[PDB]
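One structure below.
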Amino acid sequence: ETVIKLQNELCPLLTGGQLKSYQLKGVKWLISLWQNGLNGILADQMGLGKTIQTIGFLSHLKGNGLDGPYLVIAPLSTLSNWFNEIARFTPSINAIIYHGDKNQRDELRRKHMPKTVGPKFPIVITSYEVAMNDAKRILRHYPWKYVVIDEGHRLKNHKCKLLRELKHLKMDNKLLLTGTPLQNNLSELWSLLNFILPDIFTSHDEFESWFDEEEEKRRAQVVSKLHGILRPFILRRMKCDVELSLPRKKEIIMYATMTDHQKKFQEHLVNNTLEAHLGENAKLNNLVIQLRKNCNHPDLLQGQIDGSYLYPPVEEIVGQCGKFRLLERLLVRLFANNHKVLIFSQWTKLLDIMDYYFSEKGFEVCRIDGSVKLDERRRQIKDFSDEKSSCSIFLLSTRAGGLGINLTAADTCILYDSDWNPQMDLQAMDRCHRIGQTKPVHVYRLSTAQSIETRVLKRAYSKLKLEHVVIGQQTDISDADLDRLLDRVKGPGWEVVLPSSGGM
Amino acid sequence: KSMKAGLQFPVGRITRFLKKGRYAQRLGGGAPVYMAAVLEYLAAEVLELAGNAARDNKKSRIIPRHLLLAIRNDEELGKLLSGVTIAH
Amino acid sequence: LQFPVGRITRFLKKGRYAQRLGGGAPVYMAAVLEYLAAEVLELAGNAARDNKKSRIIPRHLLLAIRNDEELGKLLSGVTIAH
Amino acid sequence: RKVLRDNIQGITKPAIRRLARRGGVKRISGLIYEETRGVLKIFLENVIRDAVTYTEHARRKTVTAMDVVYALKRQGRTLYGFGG
Amino acid sequence: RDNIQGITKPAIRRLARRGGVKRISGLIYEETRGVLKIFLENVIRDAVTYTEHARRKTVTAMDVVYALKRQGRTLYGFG
Amino acid sequence: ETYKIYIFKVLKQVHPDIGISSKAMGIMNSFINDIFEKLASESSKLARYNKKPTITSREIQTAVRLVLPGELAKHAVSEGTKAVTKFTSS
Amino acid sequence: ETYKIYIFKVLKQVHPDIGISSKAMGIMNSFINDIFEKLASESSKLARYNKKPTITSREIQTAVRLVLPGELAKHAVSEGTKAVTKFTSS
Amino acid sequence: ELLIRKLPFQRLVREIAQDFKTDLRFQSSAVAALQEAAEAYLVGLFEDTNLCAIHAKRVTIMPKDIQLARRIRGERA
Amino acid sequence: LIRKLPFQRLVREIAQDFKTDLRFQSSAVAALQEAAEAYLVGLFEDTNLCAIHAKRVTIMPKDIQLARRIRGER
DNA sequence: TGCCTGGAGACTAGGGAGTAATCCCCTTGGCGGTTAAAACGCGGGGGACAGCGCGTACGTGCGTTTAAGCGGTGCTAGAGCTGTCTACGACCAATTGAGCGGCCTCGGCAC
DNA sequence: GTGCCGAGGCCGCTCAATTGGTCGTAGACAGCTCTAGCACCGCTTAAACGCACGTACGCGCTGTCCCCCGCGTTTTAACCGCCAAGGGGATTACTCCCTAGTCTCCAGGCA
């Protein structure tokens with residue numbers, strides 16, 4: 001009864017929906033901080049649904065009769081969804097899409113826009129490209145008295161020129177809306193703190209001290225100065241005991257050795273003498289990049305010279321690199337059990353390689369990347385989600401997956417590799433792990449033993465530990481071993497990520 | 001100091017440039033004076049043509065287009081500047 | 001030594017083109033003069049053998065440069081007396 | 001599938017067209033295009049050779065605008081406005 | 001006075017023949033007379049400039065070669 | 001090295017009523033610098049040729065004559081003779 | 001002062017069977033001296049451009065590479081490297 | 001104003017320069033200078049061949065006209 | 001070639017055209033003769049190429065005009 | 001082949017050449033997305049081009065005149081070299097003022 | 001009518017221009033020798049001129065295929081913004097050994 005009364009009275013015109021308890025408490029906190037005039041950072045959940053609390057907070061302003069212009073900056077991929085959500089949750093709120101090219105700029109700035117504040121003023125939805133270009137032409141012709149921005153992890157530094165355009169703001173109001181707020185270091189937290197509260201986080205000299213007996217107590221002291229208040233101040237609830245609807249999920253990391261042809265290539269390369277050996281067979285300076293590339297598959301270097309646009313026979317690919325042939329037997333396993341298998345990778349130069357492998361193996365070609373346009377992207381999504389379609393592969397670039405594609409219908413996923421950004425991997429697995437899954441998705445990451453990429457993975461774990469701190473305050477897998485590991489922890493050549501939640 | 005000859009370029013700076021160029025073992029006293037004289041004639045000539053062009057096109061600015069037009073119009077400057085290419 | 005390193009250093013000092021030249025640079029430059037003289041005289045001798053005369057003359061030299069592509073490219077803008 | 005574009009033809013057909021139009025040419029033919037590829041290429045290697053000579057002399061394996069403008073001077077065409 | 005008439009019609013004829021010209025039109029002669037007077041006058045202007053530089057009252061092959069070199073005409077045969 | 005303020009003051013001398021742009025100063029400074037370089041190099045080379053250990057006004061006039069175009073060169077030699085007379089008067 | 005004796009030695013060592021005329025001698029001496037002048041000038045000029053006070057075999061390297069077209073430059077640089085290595089060893 | 005597209009031109013210059021000699025690196029200023037030089041040379045050759053064509057009593061330009069201008073200039077490698 | 005002493009009077013006329021009381025010596029006159037021959041024969045070769053481009057065996061003066069204009073000196 | 005002039009071997013004293021140390025703005029296979037350009041199709045109309053008649057201007061042969069060219073001849077103004085001595089220019093210490101970097105205003109110009 | 005933004009005008013600050021003097025020496029100058037250009041003459045003969053004449057070729061016109069040009073339309077690549085972690089140039093300073101200068105012995109290149 002108290003929750004219903006609060007949601008009704010505090011939100012007199014939230015006409016098109018309802019608010020659950022804890023984010024409603026978040027709304028009352030937001031309202032109080034607006035009464036305190038302080039802006040805050042929203043990062044609550046991996047898109048649980050946030051627009052709901054956006055209307056929850058904003059409609060209170062209209063209910064009080066506090067008319068004032070509203071500014072929103074959001075990624076293009078979700079602007080229409082956001083308008084549908086705001087219309088659904090309150091039909092009583094005026095809003096408009098401010099997108100299109102200079103022609104739609106012209107028509108909107110001719111018709112929909114009054115200088116004076118009034119109830120006839122609708123919510124103006126401006127996309128990112130608008131934020132980069134239209135600074136002078138609009139941000140100076142409006143004292144935008146309400147500003148809210150989504151996907152707030154967009155500003156990773158103080159040099160993202162989105163931010164240099166934004167310094168042309170009348171930034172009285174703010175609401176940073178994002179997901180996970182930590183991006184690989186301290187720089188992006190500092191940037192977002194400056195954006196949200198420049199008058200408070202004025203200088204980085206004091207907080208610069210914490211890029212990395214009494215030091216153990218100092219960890220709380222790092223929290224004590226700011227994060228002891230930030231934790232109530234940052235509206236975001238990690239799941240301690242609320243969404244037990246989240247199904248069971250586990251993921252394992254392999255550590256098998258790497259085969260011969262690539263080790264002789266890397267012996268040539270570490271001395272920067274690979275081109276000398278290929279010259280005998282028939283000069284890339286960025287050594288770490290070539291190390292990664294060789295870790296993927298040797299073809300790239302042949303391919304550097306090559307000319308074998310059409311590439312030599314498949315059994316060679318089988319015989320060069322050990323990780324791909326272990327991938328071959330594991331996909332034999334998965335097709336034996338007939339699961340829907342998701343594959344992800346980082347560079348097209350290997351995406352095409354295993355696409356060619358899968359095609360020549362007699363399997364259907366399912367390739368989606370940033371190079372293909374949008375309508376065929378959804379048609380391939382529909383084909384994959386089709387029950388009558390027996391295809392068990394969806395070749396998707398990891399980076400291109402940031403458009404919010406929902407492919408939870410798959411039953412298994414195979415993360416061939418992992419990127420330097422760990423949360424990027426988290427959305428990569430979230431593409432199928434979101435609520436609605438029916439089967440126990442099981443994920444394997446392929447890591448090359450005795451390789452620098454092991455160190456890349458270890459520092460990825462270091463950044464994961466940084467995530468956890470910010471939040472809180474070599475065998476070959478045999479048939480028996482794999483059946484043991486995928487029963488429906490710690491071992492030689494295989495490691496499962498220990499429970500990242502510190503106890504139920 | 002330049003008033004001793006009635007010129008308007010840095011006799012000292014052009015002297016230092018001859019010296020630092022080490023173009024010869026020995027430098028004459030009036031050599032910078034004549035260098036400044038020829039340079040001031042050149043500058044006056046080119047700026048005069050630039051001003052005439054500005055008057056001709058009813059404009060109160062001199063721009064690289066102005067410079068290029070002046071060079072390609074004046075026969076003497078064209079001869080002096082054969083392989084001349086002007087940015088913008 | 002084939003060309004007079006001492007005397008060519010004498011002319012190079014006469015030019016006084018810098019503080020002072022390299023140590024091995026004079027020997028280098030005598031050597032490069034020797035090389036270039038080598039090909040030009042070699043092709044002059046080839047032309048003379050083509051004409052079978054005991055003295056190489058400016059006509060043979062002019063034929064040599066005008067006929068050898070690379071030497072003519074080097075000496076494109078020069079003419080030889082007579 | 002492996003791909004490697006032609007690059008040398010990257011100067012597009014309209015690029016040649018308005019190069020000629022800026023040059024005052026009115027009516028053009030077809031093989032002009034490939035001939036212009038050839039001309040641009042050959043003009044390119046000369047200045048590239050001069051520039052790489054100066055880069056080697058400067059002990060640096062990067063090109064610089066000073067070396068570029070000196071090279072253009074050496075091939076005998078003065079370019080101004082870049083401080084050279 | 002009007003000494004350029006000394007360059008005779010058979011002279012231009014034979015020089016064009018050396019140039020491989022097969023068929024010479026009638027108005028070539030005056031144009032050749034021109035181009036030679038302009039070329040020679042630039043050369044002589046440079047030469048007299050150098051002789052003035054020499055403080056001397058005669059013209060010598062040495063600074064003549066200097067002038068020809070300055071005109072992008074490089075000559076071998078006189079030092 | 002900069003002559004920019006001297007380009008400004010020469011503009012004031014000739015036509016102070018007419019403006020000038022940043023790229024215009026750039027191109028004028030390039031013109032001044034490379035003409036300076038050409039004159040100096042020609043004079044130095046000619047001094048090497050005449051076996052004279054000195055460079056002075058006289059060889060500068062002859063270098064100016066050999067490098068400048070005709071009409072502008074007679075104008076230059078006239079004004080420079082006037083200037084050197086003024087400097088000799090001191 | 002010329003290179004008459006040294007060219008005589010060069011011709012007798014490479015093509016002993018054919019002599020040279022007086023005019024041909026003079027014109028090829030002019031050839032040698034003109035290359036002399038252009039190399040010295042180019043090396044000095046590039047040293048001055050480098051703001052470098054002294055010249056060495058490396059500036060001679062860059063000057064020779066500049067003024068010699070490809071094949072001739074390759075042969076010249078090979079023989080010059082051999083000569084400088086011989087001088088270093090001796 | 002630049003007339004040839006900058007990114008295609010940078011591919012051209014990078015690839016050709018790599019061909020000629022190894023281990024090279026350019027910058028924005030170097031690319032811009034090369035662009036200006038290429039535009040200048042192309043426009044010069046184009047005006048030369050336009051004059052050649054108008055001398056040829058003809059209005060359509062062909063590579064034999066281009067090659068004529070090339071020959072009089074003489075920079076054939 | 002051309003006749004030596006006729007070219008000599010021509011050079012004398014050219015000299016007295018500019019500034020007088022100048023003396024010429026034999027090697028200088030010879031060098032002038034060779035240079036003039038070289039430049040003129042080269043110009044004729046270029047004009048012959050221009051004419052064979054012009055699809056006519058005859059060379060007219062506008063051929064030379066075109067060659068000079070292309071060469072860039074006037 | 002004579003010799004006398006320059007060419008070559010040895011000691012020392014600096015100062016450029018190389019070597020070691022330190023930093024950061026530049027580089028690299030991928031993505032979204034966004035425009036203006038660029039690639040392909042087609043009708044056509046202008047022009048490129050083959051062929052013919054002409055009539056006129058240039059190549060060819062030969063008689064006729066012409067001065068360029070060879071061989072001396074005299075002569076002298078100006079070049080090539082040398083001795084002097086004198087003014088002028090390199091080197092160095094103290095001084096400043098005008099040239100160079102930062103800061104700000106205000107008028108021309110597409111809109 | 002206007003606002004916006006880059007150039008014109010402002011001051012503060014420092015190192016090279018200035019002055020004076022000294023002293024060493026390159027040029028200004030006079031003067032000589034000689035020689036090479038220069039005016040002059042004469043003889044000789046290949047060469048230039050004129051002219052008739054033929055003929056072939058520039059030219060102007062005619063007549064026919066073909067292929068850029070414009071225009072339209074559909075694709076897509078440049079251009080931009082951004083992600084990722086490191087390295088080659090920039091810069092500074094130290095050190096040390098190469099050789100300019102010099103002197104002394106001797107051989108080779110010009111006449």
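Protein chains in written order, with my numbering: chain A, 1 to 504; chain B, 1 to 88; chain C, 1 to 82; chain D, 1 to 84; chain E, 1 to 79; chain F, 1 to 90; chain G, 1 to 90; chain H, 1 to 77; chain I, 1 to 74.
Here a beta-carbon is modelled for each residue, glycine too, at the ideal position from N, C-alpha and C.
{"Asked": "Contacts of residue 77 of chain E in chain G (Cβ-Cβ under 9 Å)", "Found": "23, 26, 27, 30"}
{"Asked": "Where residue 72 of chain E meets chain C, residues with beta-carbon distance less than 8 Å", "Found": "77"}
{"Asked": "Residue nearest to residue 71 of chain H in terms of C-alpha spacing, selected from I:25, I:48, I:73", "Found": "I:48"}
{"Asked": "Beta-bridge partners of residue 506 of chain A, as assigned by DSSP", "Found": "Residue 506 of chain A falls outside the range modelled here, since chain A spans only 1 to 504, and no answer is possible."}
{"Asked": "Presumed contact (8 Å Cβ cut-off) between residue 76 of chain E and residue 78 of chain C, rounded CB distance", "Found": "5 Å"}
{"Asked": "Runs of beta strand (DSSP E) lying entirely within the segment 469 to 503 of chain A, each at least 3 residues, in chain order", "Found": "494 to 496"}
{"Asked": "Within 8 Å of chain I by C-beta, residues of the segment 24 to 51 of chain C in sequence order", "Found": "none"}
{"Asked": "Contact under 7 Å by Cβ, residue 366 of chain A with residue 393 of chain A", "Found": "yes"}
{"Asked": "Within-7 Å CB hit, residue 53 of chain D to chain G", "Found": "yes"}
{"Asked": "Boundaries of the beta strand (DSSP E) in which residue 74 of chain E is found, first to last residue", "Found": "74 to 76"}
{"Asked": "Short-range partners of chain H found in the segment 13 to 26 of chain D, where Cβ spacing is below 7 Å", "Found": "15, 18, 19, 20, 22, 23, 24, 25, 26"}
{"Asked": "Within 7 Å, strictly: CB atoms of residue 28 of chain D and residue 20 of chain D", "Found": "yes"}
{"Asked": "Partner residues on chain D for residue 87 of chain B, Cβ-Cβ distance less than 8 Å", "Found": "79, 80, 81, 82"}
{"Asked": "Neighbouring residues, chain D, relative to residue 17 of chain F (Cβ below 9 Å)", "Found": "Simply none; closest approach about 25 Å."}
{"Asked": "Secondary structure of residue 413 of chain A, DSSP reduced to three states", "Found": "strand"}
{"Asked": "Limits of the alpha helix (DSSP H) - the one that residue 49 of chain B falls within", "Found": "31 to 56"}
{"Asked": "The segment 45 to 55 of chain D touching the segment 24 to 43 of chain H, judged by at least three CB pairs closer than 8 Å", "Found": "yes"}
{"Asked": "Continuous alpha helix (DSSP H) stretch holding residue 63 of chain G: start and end", "Found": "57 to 67"}
{"Asked": "Spatially closest choice to residue 35 of chain C from G:52, G:22, G:14, G:47, by CA coordinates", "Found": "G:14"}
{"Asked": "Proximal residues of chain D, C-beta to C-beta of residue 65 of chain G below 8 Å", "Found": "53, 56"}
{"Asked": "Residue 8 of chain H versus residue 29 of chain H: straight-line alpha-carbon distance, rounded", "Found": "16 Å"}
{"Asked": "Chain-ordered neighbours of residue 40 of chain H on chain B, where CB pairs are closer than 7 Å", "Found": "85"}
{"Asked": "Nearest neighbour of residue 33 of chain D, chosen from H:2, H:75, H:14, H:61 [CA to CA]", "Found": "H:61"}
{"Asked": "Closest by C-alpha distance to residue 60 of chain D, when choosing among G:28, G:50, G:42, G:82", "Found": "G:50"}
{"Asked": "For residue 59 of chain I, the residue or residues it bridges with in DSSP", "Found": "E:24"}
{"Asked": "For residue 332 of chain A, the residue or residues it bridges with in DSSP", "Found": "In DSSP, residue 332 of chain A forms no bridge with anything."}
{"Asked": "Short CB-CB distance (under 7 Å) between residue 16 of chain H and chain D", "Found": "yes"}
{"Asked": "Limits of the alpha helix (DSSP H) - the one that residue 76 of chain C falls within", "Found": "Per DSSP, residue 76 of chain C belongs to no alpha helix (DSSP H) and is neither H nor E."}
{"Asked": "Alpha carbon of residue 21 of chain F to alpha carbon of residue 28 of chain F, nearest angstrom", "Found": "10 Å"}
{"Asked": "Continuous alpha helix (DSSP H) stretch holding residue 117 of chain A: start and end", "Found": "Here residue 117 of chain A belongs to no alpha helix (DSSP H), and DSSP marks it neither H nor E."}
{"Asked": "Buried/exposed call for residue 85 of chain G, threshold 16 Cβ in 10 Å", "Found": "exposed"}
{"Asked": "Residue 75 of chain H at chain B interface by Cβ criterion, 7 Å", "Found": "no"}
{"Asked": "Rounded C-alpha distance that separates residue 130 of chain A from residue 70 of chain A", "Found": "15 Å"}
{"Asked": "Under the three-state DSSP convention, the category residue 397 of chain A falls into", "Found": "strand"}
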